[PDB]
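A.B. asks: What follows is a protein structure lacking sequence information:
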Ligand SMILES: COC(=O)[C@H](Cc1cnc[nH]1)NC(=O)CN(CCc1ccccc1)CC(=O)O
Ligand SMILES: [Zn+2]
């Protein structure tokens, strides 16, 4: 019978009957809540742990101490003391790992190839028993956290997030600064005689208690096997018995209500943030009052709040509902963006907001609205897509802290109790008497008197004038507002059509005309009543010039905007659509339950081909678009660097500058005329994949075609017109540099690309294995050791069927410097491939192998792979076996010669391009950096491209 180490074993853990995985929860004797997941099919295994502490519990005098502790647990324990044993064990077993710190949680998670769960899990458990917090590790890692912060500093969503905490009761833990930085984590602690290693030990020791812990483990093993496992490694975690922190006081007290903030953004954006404090509804999770209201306020359908603000040309988008706080407090929000006009009618927008809330009081709670939500959640739950295991374990570790073992799977889905009282109760808190208002606009530039300490946000604070409050308190009904009616998009037909006699393991080309290639597969794997239908429409007029490119965009935005009201129902019924312009024309994906898919598709194509612009909206979207083109100048440095490289290496690319200038030439008449033009000749390549038949698929594709013919007069396009763009071919021994300044951010950015050959079976596996071998050593040398940045990335590049190696770093140090530390790195690397065992080398193959052979867990992931094969026009649907088969063949020498031919500093075929993005402010013991040739500075994009060969395109299959 009984077991000393276990306190209890829960009953049946309720699951979806479609979910084949097996489950067992339990609580150890030390009080760790643990959920076990058995999946005999799984390629990777995963575990995650979540501690119920986070930054809300930092010592007041060392801000960011948990985010810091989180970074430090990866860096050596007593039992596995080598600084990077954890990240290197994973790299070599096809695993990865991350962690995050929120106000009340620290969540640690990883996956690994299924054969090394134990390996991975043992090294993992150590974090929670005896981390070393190595003194020189602490010294180094403090930079990476400073860097986490630098990137967030000029980011308008982080600033807002912290500024909110800075305008509530500063006495409250909510007002803490949870990232931390160099200043707060070493400089100041040094100044104040604080011994940080000790403070870290103390905190670990105080809060990392077993009672406050939840663990999830998903492996190939039996439930009995997993039980013994988790018991073995986790029972020695000590029970220091800490009470869980509570925060029953809202941090927004009287003095903090009826306030208005005027805030300057970094980007040119206008939004209005309306927020009421409310209690913590978490306990009401079985009826879920704030969800019911969120559904209603946030609704986008006919009759809705957004409908009206949108008609009045005041706001373009709206979000509303409950927003988490911590144990003891929540918020209820309603935030909109703001048109130019909208910015001058903020008071009116808030009235409308209250008129709408009034309409809800007048109408009472609605059992049918609650039923609808409920029915959707039961359908959603039953046919949920099966999840990637790392994400799943991370997620359930969190909610193990909120729900009885048995409801952990279903808690966030199944609604059970109708509560008109709670609905009323929450409604009665959404009142002008206790509202806070924030306006974010460039107009407040110059006229603010305040500054946020951490990010440096300029703002102004005021009381809402008392007659403004009254004016809102007296919100009449407004007849422009209605509740939503019954949702017609709700699926009722869930039948999984039987697998057909001619069904195929990969998509089959089942139609091949001048108008359209239709690739097709009935689903042989997941069996949920869902499908993905993907179309590429080709027109050469979508990207012919900058103006045409602008026009394609606008047109597709306006169509989406026109369709929103109608599409929205569909979206809540789990039928969604994506639609955007490409450098080849347009892309249209429709995913979800297949039951009403045909209807939604039809409406989209019908709308596309019969489109009637409305002057007023065109004017608003044009203006939004201009701004976002401008706002690019405020993306982080490494994004700039990637953007430039794309511009540099493609045959044809229209810069942001060129699009911006060309935008003013875009009048309503020119657009009206462009749309029929663009739809007159097309070609469609489509992937239809899911719970659908061959003849359904031909019918759906014909339907699309037939609609465009009937309404657009569309005609086929010629094969010689189906043109793909080529990548620039760099010369042997070549090295070019292109330099720009990031005017917003104070880091610099860099991308370094070593181009290699076209993609091919052998070229692919060379580059890929090289990647794998250097993957974690790069991170470990360039970040952990040399602490060059938070952002440090290396891996294959691929575009236009060509490929190469890239490095991406965001750093405080100049790029000339970044370059050489990579170049030093690359030698450490040849010279340590020489040194490695044959086994180490085979492990690497094996790891890359599992990684590539990892089976899609859900329809759209499989759809993705296929779609990848189709847009690249390689159609190599079984590439994974083929490429893997070949890879198993390679040897330490194969790799060295490849490296020596294409990569080493004095390689005969080194093709290096470097983008240097300099910081706001610049102007233009470690290994050995090789002396580098003087680069050719790229003066002018066009000229440089005029001066070089273009590669071929790759050949199909
Ligand atoms: C569940 O209720 C609803 O249907 C509507 C959806 C909607 C609103 N407007 C169009 N659609 N509500 C939400 O989406 C609410 N949302 C806001 C929380 C939030 C957290 C951190 C930062 C900013 C915002 C919750 C989320 O992010 O899951
Ligand atoms: Zn972090």
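C.D. replies: Structure received. Numbers count the residues shown, from 1 in each chain. Ligands and ions are numbered 1, 2, ... in the order given.
A.B. asks: which residues of the stretch 201-350 of the chain fall in strands?
C.D. replies: 213-219, 259-263, 271-278, 318-326, 329-337 (DSSP state E, counting those that start in this stretch).
A.B. asks: so how far is residue 33 from the residue most central in space within the chain?
C.D. replies: Centroid-nearest residue in the chain, with C-alpha atoms, centre = their mean: residue 391, separated by 12.4 Å. For residue 391, the distance to residue 33 (C-beta to C-beta, to the nearest Å) stands at 19 Å. All C-beta atoms are positioned from the backbone trio N, CA, C, and that covers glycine.
A.B. asks: neighbours around residue 205, how many?
C.D. replies: 11 (other C-beta atoms under 10 Å).
A.B. asks: Repeat that for residue 479.
C.D. replies: Residue 479: 8 neighbours (other C-beta under 10 Å).
A.B. asks: Next, it: phi, psi?
C.D. replies: phi -80, psi -10 (degrees, to the nearest 10).
A.B. asks: Look up how far ligand 1 lies from it.
C.D. replies: 23 Å (C-beta to the nearest ligand atom, to the nearest Å).
A.B. asks: Adding mean neighbour count and distance to residue 848, write the strands of the stretch 201-350 of the chain out as TSV.
C.D. replies: Listed next are the strands of the stretch 201-350 of the chain as TSV, based on neighbours: other C-beta atoms under 10 Å; distance: least, C-beta to C-beta, whole Å:
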stretch	mean neighbour count	distance to residue 848
strand 213-219	27	22
strand 259-263	20	48
strand 271-278	20	45
strand 318-326	18	40
strand 329-337	20	44
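A.B. asks: Which residue does the stretch 251-400 of the chain have closest to ligand 1?
C.D. replies: Nearest to ligand 1 in the stretch 251-400 of the chain, going by C-beta to the nearest ligand atom, is residue 298, at a distance of 2.6 Å.
A.B. asks: Show the contacting residues for the residue lying closest to that residue once chain neighbours are set aside.
C.D. replies: Counting by C-beta to C-beta, 6 or more residues apart in numbering, residue 320 is the residue found nearest to residue 298 once chain neighbours are left out, at 4.1 Å. By C-beta atoms under 8 Å, 6 or more residues apart in numbering, residue 320 lies in contact with 294, 297, 298, 305, 332, 333, 334, 335.
A.B. asks: One more: residue 677?
C.D. replies: residue 541.
A.B. asks: how far out from the middle of the chain is the helix or strand containing it?
C.D. replies: Using DSSP states H and E, residue 677 maps to helix 668-680. Remark: helix 668-680 is offset 34 Å from the chain centroid, using C-alpha atoms, centre = their mean, to the nearest Å.
A.B. asks: can you count the residues close to residue 485?
C.D. replies: 10.
A.B. asks: Could you list the buried residues of the helix ranked longest in the chain?
C.D. replies: Across the chain, the longest stretch assigned as helix under DSSP state H is helix 546-572. Residues of helix 546-572 classed as buried by neighbour count (16 or more other C-beta atoms under 10 Å): 546-570, 572.
A.B. asks: One more: stretch 913-931?
C.D. replies: For stretch 913-931, using 16+ other C-beta under 10 Å, the buried residues are 913, 914, 915, 916, 917, 918, 919, 929.
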